[PDB]
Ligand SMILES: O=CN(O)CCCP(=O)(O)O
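Have a look below at one chain only, the form solved without this ligand, in structure tokens format.
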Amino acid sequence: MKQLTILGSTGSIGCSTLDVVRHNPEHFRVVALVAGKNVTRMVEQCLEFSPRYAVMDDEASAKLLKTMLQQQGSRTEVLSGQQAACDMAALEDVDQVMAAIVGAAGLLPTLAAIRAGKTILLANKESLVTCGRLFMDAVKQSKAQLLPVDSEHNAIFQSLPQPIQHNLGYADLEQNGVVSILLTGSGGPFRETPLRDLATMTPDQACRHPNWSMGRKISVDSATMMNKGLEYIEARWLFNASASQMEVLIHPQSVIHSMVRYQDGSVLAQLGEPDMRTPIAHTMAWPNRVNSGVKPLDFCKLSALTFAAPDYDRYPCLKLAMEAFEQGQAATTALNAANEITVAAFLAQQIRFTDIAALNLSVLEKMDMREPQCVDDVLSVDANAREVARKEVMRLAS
């Protein structure tokens, strides 16, 4: 029986996680839930899973949640604030922590889960893009077990050897028969449009906080393969791989989610339906399995599997991301920050598509910052880079 804390229970990953709990009330039990302002949804989950505690963004929200739960017979106790989240991640009884809170707000709470040595279900992969060094170091110390939730990372993890799985982050690939990691993907035709996505979003698989403004940034990051690059930066930290132990492959149908190349010629891969309950069910039941309510992949109703090396010429960002990794976390944090701004600039037609990679590049060159020492320097580099990218994006719009 595994007890767990969910950081960001009112997002896509959150409800997905709970549904795995729902189908397996005999293997899991929510100890605490953490969210932002979504009171209504929070109440639902508390009534259904009877968590010990529940944390919201601010007290105004905590109070409302505290009232509704009260006038509805709920033993759950309510708290609020960032520190309370961090404390929820370190509770003694907690075995796993689903780190599904994106952005800065997710850094400290996630770091505290590691500090405490909890099994960490990494679902905010974007945090390794900036605090890769910090998180991975802290992991090495507490021996906290990392289990990637993202689709490709989880595929790689599932395809690696036991010794590397049990010591994710600080093990050695050469010593364990691993020649390279094959990060797969598809972007250009950037897999699917945010338009076709909205059209096929069913009435229950929409726990994902709306924000249409985001699905657009994602598709742009997918057209420039900047998303592949962040996956690259991330993959290198998690698996502790070198530039020469990484291989990027374009795979259109997305059936194979990523693979691992071995010394004897063998290559291991994980395949499956695009449902996020598979990766999630995997990390939660590791090192065993559980049903996630996902359909078995049907090999008869599939399209041909294709592969191709990316054309680093049509997609400068991917090469730019791979290059920043070599320049350290200051470079990666900067690259990420500038991209946020330049992509927004492009959507707001202030610049052209092609200027994204250009501006991103110019920004990295104009900056000269040191390697972030803690979550606070990362944020400093972040904010510092967002400023330059802005002073730049306007000097062009003129």
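All residue numbers refer to positions in the sequence shown, first residue = 1. Throughout, rigid core stands for the largest set of C-alpha atoms superposing within 1.5 Å between the two forms.
Compared with other deposited structures of the same protein, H209 meets the criterion of being unmodelled in at least one third of those that resolve residues on both sides.
Legend: mean Cα B-factor per stretch from the PDB entry, 176-184 versus 67-75; the higher mean is in 67-75. Mean C-alpha B-factor is higher over 197-205 than over the other stretch, the pair under comparison being 197-205 and 289-297. Per the PDB entry, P189 shows the highest C-alpha temperature factor of the residues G117, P109, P189, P279. The PDB entry assigns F135 a C-alpha temperature factor belonging to the middle third of its chain's modelled residues. Compared with the other modelled residues of the chain, the Cα B-factor recorded for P210 ranks in the highest third. For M1, the recorded CA B-factor ranks within the highest third of the chain. Only modelled residues enter the ranking.
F325 sits in the middle third of its chain by CA B factor, as recorded in the PDB entry. Placement of the Cα temperature factor of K228 within the chain: lowest third of the modelled residues, per the deposited record.
Separately, the form deposited with this ligand bound exists; it is not shown, and the next lines address it.
With the partner omitted from this view, the residue of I218, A243, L305, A206 that lies near this ligand in the bound PDB entry is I218 [heavy atom within 4.5 Å].
Residue in contact with this ligand in the bound PDB entry (any heavy atom within 4.5 Å), chosen from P316, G187, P310, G328: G187. Proximity of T119 to this ligand in the bound PDB entry falls outside the 4.5 Å heavy atom cutoff.
Within 4.5 Å of any heavy atom of this ligand in the bound PDB entry lies no heavy atom of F299. Though the partner is left out of this view, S74 does not reach within 4.5 Å of this ligand in the bound PDB entry, counting heavy atoms only. In the bound PDB entry, this ligand sits beyond 4.5 Å of every heavy atom of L79. Listed stretches are 156-164, 259-267, 220-228, 283-291; the contact stretch with this ligand in the bound PDB entry is 220-228, by a heavy atom cutoff of 4.5 Å. Shown without its partner, the chain has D150, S151, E152 in segment 135-168 as residues with a non-hydrogen atom within 4.5 angstroms of this ligand in the bound PDB entry.
In the overlay on the core between the shown form and the other one, a shift of 2 Å or more in CA position is seen for a single residue of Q83, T193, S142, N291, which is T193.
With the core held fixed, the Cα of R390 is displaced between the shown form and the other one by 2 Å or more. After superposition on the rigid core, displacement of the C-alpha of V31 between the shown form and the other one stays below 2 Å. In the core-superposed comparison between the shown form and the other one, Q162 has its Cα shifted by less than 2 Å.
Inter-residue distance, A100 to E340 (Cα): reduced by at least 3 Å in the bound PDB entry versus the depicted form. An increase of at least 3 Å in the separation of the C-alpha atoms of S12 and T202 is found in the bound PDB entry, compared with the displayed form.
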